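I need the structure of the sequence given here:
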Amino acid sequence: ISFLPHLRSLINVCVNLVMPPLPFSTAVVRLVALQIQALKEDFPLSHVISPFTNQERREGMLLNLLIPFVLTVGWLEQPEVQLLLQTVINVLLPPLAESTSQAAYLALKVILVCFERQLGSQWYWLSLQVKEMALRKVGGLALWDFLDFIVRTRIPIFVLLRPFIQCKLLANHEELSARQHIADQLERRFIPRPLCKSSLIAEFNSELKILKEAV
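Residues are numbered from 1 along each chain as shown. Below you will find the coordinate block:
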């Protein structure tokens, strides 16, 4: 059925209609995901994400168009994953607002944790693109949240960031309020890992909802 063109239009207006409660947003994103899966060459994911890159309402787009797609689909191909990753990370490091930066950080975390099987081909690459945010301190407080979450779960990114997170990051205001927390959690203490991505998805959905009422 997917190849028939008349269906494509129905999706477009539908996603346009999105910017609805959770039961409708989940269904729309599910339909988009199935459409991407069915047709890859003719309808790559790039088309539906390209027009909303401009800083007009991209915060809401990232909040309720990208996070649901990744959450509900977390067989996608490598190049589309690369395009999605570079698009999301562009916001943090332009080649700016606090809320859109937080949304982009959330997208970065979800992408990092879900696609651990295929993304790990370029861990070093990401470990190179992840220094600058801490170097120039983009984002008010979400940066510390990201770093402390990484330290807590300490996924393969933690493999490369251990030297940069101790020597060049340790050496008085609200920024340091939680600094002791992350520093303590960076110590070689007992490490209770999450059982599976399903457990983390609960907190992911909770924080997604909270950010939704935040807007």
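
residue closest to the middle of this protein?
What sits nearest the mean C-alpha location of the chain, by CA atoms, centre = their mean, is residue 107, with 1.5 Å.

so what's that one up against?
Counting by CB atoms under 8 Å, 6 or more residues apart in numbering, residue 107 makes contact with 62, 66-67, 70, 88. Heads up, the C-betas are built off the backbone N, CA and C, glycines and all.

cutoff 6 Å now
62, 66, 88 (CB atoms under 6 Å, 6 or more residues apart in numbering).

what's the answer for residue 60, then?
residue 19.

Residue 146 too?
residue 105.

residues near residue 14, how many?
A count of neighbours around residue 14, defined by other CB atoms under 10 Å, yields 15.

Surely it and residue 28 touch.
Yes - under the criterion of CB atoms under 6 Å, residue 14 makes contact with residue 28 at 5.3 Å.

For residue 164, identify the helix or strand it belongs to.
Using DSSP states H and E, residue 164 sits in no helix or strand.

Skipping adjacent residues, who's closest to it in space?
For residue 164, ignoring the flanking residues on the chain, the nearest one in space by CB to CB, 6 or more residues apart in numbering is residue 131 at 5.9 Å.

tell me which of the contacts of residue 107 is nearest to residue 213?
residue 62 (16.3 Å; CB to CB).

Does that closest one touch residue 103 like I think?
Yes - shown here, residue 62 and residue 103 form a contact pair, counting by CB under 6 Å, at 4.3 Å.

ok, those two, which is more surrounded?
Neighbour tally, residue 62 and residue 103, criterion other CB under 10 Å: the higher count belongs to residue 103, 27 against 23.

secondary structure class for the residue nearest to the centre of the chain?
Assigned with DSSP: H, G, I helix; E, B strand; the rest coil, residue 107 falls in the helix class.

in which helix or strand would I find the residue nearest to it when sequence neighbours are not counted?
Leaving out its chain neighbours, the residue that sits closest to residue 107 by CB to CB, 6+ apart is residue 88, at 4.5 Å. Residue 88 is part of helix 78-92, with elements assigned from DSSP H and E.

So which residues make contact with that helix?
45-46, 104, 107-108, 111, 133.

Ranking by neighbours, what's the top pick from these?
residue 104 (24 neighbours).

Could you check which helix or strand contains it?
Residue 104 belongs to helix 98-114, assigned by DSSP H and E.

Pull out the buried positions in that helix.
100-114 (16 or more other CB atoms under 10 Å).
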